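Novice: give me a 3D structure for the following:
(chains A, B, C, D, E, F, G, H and I, ligands or ions: 25)
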Amino acid sequence: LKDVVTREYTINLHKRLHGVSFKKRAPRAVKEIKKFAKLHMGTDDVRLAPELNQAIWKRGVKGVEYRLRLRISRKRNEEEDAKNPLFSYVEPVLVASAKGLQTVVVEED
Amino acid sequence: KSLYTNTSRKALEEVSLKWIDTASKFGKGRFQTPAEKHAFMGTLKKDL
Amino acid sequence: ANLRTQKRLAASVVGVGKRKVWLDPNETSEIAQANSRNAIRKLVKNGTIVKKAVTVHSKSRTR
Amino acid sequence: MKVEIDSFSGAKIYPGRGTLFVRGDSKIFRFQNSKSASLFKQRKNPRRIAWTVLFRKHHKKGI
Amino acid sequence: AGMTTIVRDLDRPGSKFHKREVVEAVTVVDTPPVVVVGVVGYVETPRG
Amino acid sequence: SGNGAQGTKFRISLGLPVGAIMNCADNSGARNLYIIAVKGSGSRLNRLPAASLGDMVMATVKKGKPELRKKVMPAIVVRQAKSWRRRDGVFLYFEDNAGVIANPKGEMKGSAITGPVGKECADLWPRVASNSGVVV
RNA sequence: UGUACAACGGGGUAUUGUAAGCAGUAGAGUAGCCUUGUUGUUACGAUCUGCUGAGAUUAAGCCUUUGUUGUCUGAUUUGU
RNA sequence: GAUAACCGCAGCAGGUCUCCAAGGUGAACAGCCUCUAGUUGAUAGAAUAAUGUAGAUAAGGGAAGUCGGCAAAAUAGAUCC
RNA sequence: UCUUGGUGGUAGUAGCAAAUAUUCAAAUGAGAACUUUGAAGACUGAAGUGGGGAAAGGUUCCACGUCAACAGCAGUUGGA
Ligand SMILES: [Mg+2]
Ligand SMILES: [Mg+2]
Ligand SMILES: [Mg+2]
Ligand SMILES: [Mg+2]
Ligand SMILES: [Mg+2]
Ligand SMILES: [Mg+2]
Ligand SMILES: [Mg+2]
Ligand SMILES: [Mg+2]
Ligand SMILES: [Mg+2]
Ligand SMILES: [Mg+2]
Ligand SMILES: [Mg+2]
Ligand SMILES: [Mg+2]
Ligand SMILES: [Mg+2]
Ligand SMILES: [Mg+2]
Ligand SMILES: [Mg+2]
Ligand SMILES: [Mg+2]
Ligand SMILES: [Mg+2]
Ligand SMILES: [Mg+2]
Ligand SMILES: [Mg+2]
Ligand SMILES: [Mg+2]
Ligand SMILES: [Mg+2]
Ligand SMILES: [Mg+2]
Ligand SMILES: [Mg+2]
Ligand SMILES: [Mg+2]
Ligand SMILES: [Mg+2]
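Specialist: Residues are numbered from 1 along each chain as shown, chains lettered A, B, ... in the order given. Ligands and ions are numbered 1, 2, ... in the order given. The coordinates are given below.
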């Protein structure tokens, strides 16, 4: 199908960080966004924007939000690309609430 | 099926039930039916 | 590169701690030749190194 | 098969549910759950607990 | 499927709860019909 | 239990082991009853014999009339404070434990019971039912 | 390539206990304006009242789904 | 000038004399949180069996435990009586 | 239970679990959990994990180059 694509997603980090140790909720939230992008966009190389790492770690190591709202964009890996020719860049989306939002396809236009 | 005939008066007791609990086992549920929940609580804010 | 000596120099030049010296990441190439203290001062002139203002301890709730 | 009424919250008690309390003056109390039960032992007035049946008659909610 | 509780009268003459109600845990087993798809014949041998 | 009890009892949760001090609910002069042993107790290693409502115990008196003190006497538990289950699914309990001084056959030493009596106790012991007022 | 599965979303169920914001002639009162009410006014005021059994959370090993968006052939080995 | 520059076989949780000393809470140079300054060093990742170690909670009873209340709990500040 | 030296099994085992804690991106590089910079989260919390000194050490200070050995993982880093 189409390779370069951009969709926006909601991730329930509450059910992914359920019961995790408090010194590792926000470390694991980073590793669950990468697992979530690899499930959706199919690509093993996931690069998270530093503004998203600010959003995960906003309320400390154990204060991860229940729902993030993510703009994952599958892209073309360049400059002697890795084992996969594609990567996904994961963006925060500035919303007042991450509740009640579905998966939409963001067009580049 | 039982492997032996049992005539022990705890068997052979013809059982007619009077009520069966259908409250939510997902909590300390209080209503047998959703009609009973809507009758006790009245109308809520939830849309129509 | 290795800008560890360019942050200790810049802290002693602008006179604050190394926690309050912002080196320009996008100008990491030209910071790396600033081995002398005058070269550090030159990078403070043009904003390549920024003093990084103080973290607020507000006294408003105390008042 | 008689449905009892909670002595604190006014909820309906189906068989097996909750605890029955005999106070030392032999007045029988009946709880549907441990939320009615614990707030009874905590010396809480049902007229001030906003979800109880007695609060809603005191505040004329759902008449 | 899970358990629930019931109420029934007790028909046990000489018990103290005779003709009174009891509250009993039951287990509920969800049993659709089973499709018969074969037969197997077993012979009695000296080894079983 | 043992002899004296009229009828049998369903199994009630054992609330009162040996060493438990329970209030004394009759007008004999005893203010409490310290359970030294329980009649009808099964022999199990390390298991304290544990009294329950309607059971007959052997007890001393630690507070009360001096002529009742320093002696072992039978007593019958009338209130429990440990939540037990009835056969109709009712879980119930009292605010306190209570017992009345008995003889070995189940006659009351006292003549009046101050407070509620478990219906399992009143049914098992006719003299306790005779002197009880409200029954649960 | 399905009465498929997943991620979200919806409903149910459940827990807590009535969100934020706005409003009030509720508020112990206090300090001013007085062209001095008498259900004045300006300021400040714990709390209270209405919207509001609300709001939040709900599977992470809850249930259900006609929604939305995706996924669906990589590798190795085995023969009487 | 020491959780890596000293002594302890060594980059050892040990030991080794002293100066300066911000805001709040509070009686306090206590505990707890912050400013300046400093560090973010200590093999990591995944999973969440048993038995541990460290921390908890426990219905009813309340020392029946044990050589022995060992450990834990309980008490706790201040004002007045 | 000789002496000196060498070597095994145990065994890729026990273990590398005190001192709250790391995370994202870029740069450098053959190679980055560990380096550098930025961002973020945190801590010591002024009887400090902060600035100096005494004894002791002796060049460990600082720069450039470098990574065979040493830093009980790693290492482009280093009191090497
Ligand atoms: Mg857990
Ligand atoms: Mg349940
Ligand atoms: Mg309200
Ligand atoms: Mg409000
Ligand atoms: Mg020596
Ligand atoms: Mg070392
Ligand atoms: Mg202070
Ligand atoms: Mg003060
Ligand atoms: Mg540690
Ligand atoms: Mg206990
Ligand atoms: Mg207790
Ligand atoms: Mg003893
Ligand atoms: Mg003993
Ligand atoms: Mg002790
Ligand atoms: Mg005093
Ligand atoms: Mg030798
Ligand atoms: Mg060897
Ligand atoms: Mg090992
Ligand atoms: Mg480990
Ligand atoms: Mg601390
Ligand atoms: Mg702190
Ligand atoms: Mg160097
Ligand atoms: Mg090494
Ligand atoms: Mg190496
Ligand atoms: Mg050096």
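
Novice: does RNA strand H have contacts with the helix ranked longest in chain C?
Specialist: What stands out as the longest helix in chain C, according to DSSP state H, is helix C:4-14. Yes - applying CB under 7 Å from any atom of the strand, one finds helix C:4-14 in contact with RNA strand H at residue C:11. Every C-beta, even on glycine, is put in place using the N, C-alpha and C of the backbone.

Novice: so which residues on chain E come close to chain D?
Specialist: E:5, E:7, E:21, E:23 (CB under 8 Å from any CB of the partner chain).

Novice: could you dump these to a markdown table with secondary structure and distance to residue D:62?
Specialist: Shown next, in a markdown table, are those (DSSP: H, G, I helix; E, B strand; the rest coil; distance: CB to CB, whole Å):
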| residue | secondary structure | distance to residue D:62 |
| --- | --- | --- |
| E:5 | strand | 30 |
| E:7 | strand | 30 |
| E:21 | strand | 33 |
| E:23 | strand | 31 |
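
Novice: could you work out the most separated pair of the residues you listed?
Specialist: E:5 and E:21 (12.0 Å; CB to CB).

Novice: intersection of neighbour lists for these two?
Specialist: residue D:15 (CB atoms under 8 Å, 6 or more residues apart in numbering or on different chains).

Novice: relative to residue D:17, how far out is the residue in chain F that RNA strand G sits nearest to?
Specialist: Nearest to RNA strand G in chain F, going by CB to the nearest atom of the strand, is residue F:91, at a distance of 17.0 Å. Per CB to CB, to the nearest Å, residue F:91 is found 9 Å from residue D:17.

Novice: those two - which one has more neighbours?
Specialist: Comparing residue F:91 with residue D:17 by other CB atoms under 10 Å in any protein chain shown, the one with more neighbours is residue D:17, at 25 against 16.

Novice: just give me the residue right at the centre of chain B.
Specialist: Closest residue to the average C-alpha location of chain B: residue B:21 at 1.7 Å, with CA atoms, centre = their mean.

Novice: list the contacts for that one?
Specialist: Contacts of residue B:21 by CB under 8 Å, 6+ apart are B:32, D:14, D:16, E:4, E:5, E:6.

Novice: for stretch A:36-48, list the C-alpha coordinates in CSV.
Specialist: Taking C-alpha atoms only, stretch A:36-48 is exported to CSV below (Å, rounded to 0.1, in the frame of the first residue of the first chain):
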residue,chain,number,x,y,z
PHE,A,36,2.7,0.9,19.9
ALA,A,37,4.3,2.5,16.8
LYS,A,38,5.9,-0.8,15.8
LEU,A,39,2.5,-2.5,16.0
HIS,A,40,0.8,0.2,14.0
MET,A,41,3.3,1.5,11.5
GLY,A,42,5.0,-1.9,11.3
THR,A,43,8.5,-0.4,11.5
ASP,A,44,11.1,-1.4,14.1
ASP,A,45,12.9,1.9,14.1
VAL,A,46,10.8,4.4,16.2
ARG,A,47,12.2,7.8,17.0
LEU,A,48,10.2,9.8,19.6
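
Novice: can you get me the centre-to-centre distance for it and its chain?
Specialist: Distance, stretch centre to chain centre, for stretch A:36-48: 8 Å (CA atoms, centre = their mean, to the nearest Å).

Novice: stretch F:14-31 too?
Specialist: 7 Å.

Novice: is any part of that stretch close to RNA strand H?
Specialist: Yes - using CB under 7 Å from any atom of the strand, stretch F:14-31 comes into contact with RNA strand H via F:15, F:16, F:17, F:18, F:19, F:20, F:21, F:22.

Novice: what is the burial count for residue F:108?
Specialist: 20.

Novice: equivalent analysis for the one 10 residues further on, please.
Specialist: By other CB under 10 Å, 25 other residues sit near residue F:118.

Novice: same question for residue A:85.
Specialist: With other CB under 10 Å as criterion, residue A:85 counts 12.

Novice: surely it meets residue A:77?
Specialist: Yes - taking contacts as CB atoms under 8 Å, residue A:85 lies within contact range of residue A:77: 5.3 Å.

Novice: what about residue A:77, neighbour count?
Specialist: 16.

Novice: once you drop chain neighbours, what's closest to it?
Specialist: Closest residue to residue A:77 in three dimensions, ignoring its sequence neighbours and counting by CB to CB, 6 or more residues apart in numbering or on different chains: residue A:87, at 4.8 Å.

Novice: most surrounded residue in the contacts of residue B:21?
Specialist: Ranking those using other CB under 10 Å puts residue D:14 first, with 24 neighbours.

Novice: who are the contact partners of it?
Specialist: Neighbouring residues of residue D:14 by CB under 8 Å, 6+ apart: B:21, B:23, B:30, B:32, D:3.

Novice: and which of those residues is nearest chain E?
Specialist: Comparing those against chain E with CB to the nearest CB places residue B:21 closest, at 4.6 Å.

Novice: ok, that closest one to residue C:27 distance?
Specialist: 73 Å.

Novice: can you pull out the strands in the chain?
Specialist: Looking at chain A here, since you left the chain open. A:5-12, A:46-48, A:67-76, A:86-92, A:104-105 (DSSP state E).

Novice: ah, no, chain D please
Specialist: With DSSP E as the criterion, chain D has strands at D:4-5, D:12-13, D:19-22, D:28-30.

Novice: quick one: closest of those to RNA strand I.
Specialist: Nearest of these (CB to the nearest atom of the strand): strand D:19-22, 40.2 Å.

Novice: export the strands of chain A to JSON lines and tack on distance to residue F:117?
Specialist: Below are those laid out as JSON lines (distance: least, CB to CB, whole Å):
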{"stretch": "strand A:5-12", "distance to residue F:117": "56"}
{"stretch": "strand A:46-48", "distance to residue F:117": "70"}
{"stretch": "strand A:67-76", "distance to residue F:117": "58"}
{"stretch": "strand A:86-92", "distance to residue F:117": "69"}
{"stretch": "strand A:104-105", "distance to residue F:117": "70"}
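
Novice: for those, which one sits closest to RNA strand G?
Specialist: The nearest among those, by CB to the nearest atom of the strand, is strand A:5-12 at 3.5 Å.

Novice: do the closest one and RNA strand G come into contact?
Specialist: Yes - using CB under 7 Å from any atom of the strand, strand A:5-12 comes into contact with RNA strand G via A:7, A:9, A:10, A:11, A:12.
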